[PDB]
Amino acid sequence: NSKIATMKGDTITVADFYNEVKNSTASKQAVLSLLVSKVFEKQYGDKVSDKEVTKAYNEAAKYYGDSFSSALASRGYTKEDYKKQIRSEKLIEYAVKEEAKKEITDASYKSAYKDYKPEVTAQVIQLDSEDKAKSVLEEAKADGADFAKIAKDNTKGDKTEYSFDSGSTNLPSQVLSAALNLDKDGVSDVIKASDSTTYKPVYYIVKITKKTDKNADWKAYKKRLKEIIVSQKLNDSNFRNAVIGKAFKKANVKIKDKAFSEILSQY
């Protein structure tokens, strides 16, 4: 198309260049990125505001602090490519969440009520040492239980008052799940759980404070249950590849150059 470098005789052109990086595994990620952008920018471009993109960018900075500038250059990213990738993950997210709320049927709300426990409120005791978890346990199982005290005088940190459903993100699955099975004013056992980043086995002790009735009507919890089916679909690759496989067809996307033929081998 254009010229890149000149020399006596032959010269480098945008074509000669493309003919080299054309089959580059890194080029496939580029073409596929332009498709996702142009497609979702026309079908959802107005949905996600450039104001939301900023909020996410500013938070991304506040976290890495004065390391953000470095952290980016590290994994090969300019401060414009990052703020540009935050928008795409937010477009595909908006699309993945509206279509996840369309397919919802009756059988789904009924297959989501089976394995669902009502919201609970307990006194959690997080610990790093397992022998200390076995210690606070017998103190909790004494004549003067006084669990709340044992908690506030031993917890690894954070708080002691925790509220959670069955499919809610608040405590490790191990804890979250074993905790619900307990009944009104029921003390747990030493629960071993991995950490989100340090993988340092954290040991928890939970005691149910206030709990409610399981209930039997599905329409009763359509609020929680509905946002839970979306929460799962939104976290499912096969479903995300699918909503992309849809938008791409709705945009009648069709590759011309063979090199990138296997790009939509998952859409």
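In this text, residue numbers run from 1 along the sequence as written.
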Mean CA B-factor: is it higher for 34 to 42 or for 194 to 202?
194 to 202
Please compare 140 to 148 with 72 to 80 and name the stretch with the higher mean C-alpha B-factor in the deposited structure.
140 to 148
When the CA B-factors of 174, 170, 88, 121 are compared as recorded in the entry, which is the largest?
121
By its CA B factor, does residue 93 count among the lowest, middle or highest third of the modelled residues in the chain?
lowest
What third of the chain, by the recorded C-alpha B-factor, contains residue 215?
highest
Of the three thirds of Cα B-factor ranks in this chain, residue 182 occupies the highest
Rank-wise, by C-alpha B-factor, drop residue 238 into the lowest, middle or highest third of its chain.
middle
Tell me, lowest, middle or highest third: where does the Cα B factor of residue 231 rank within its chain?
middle
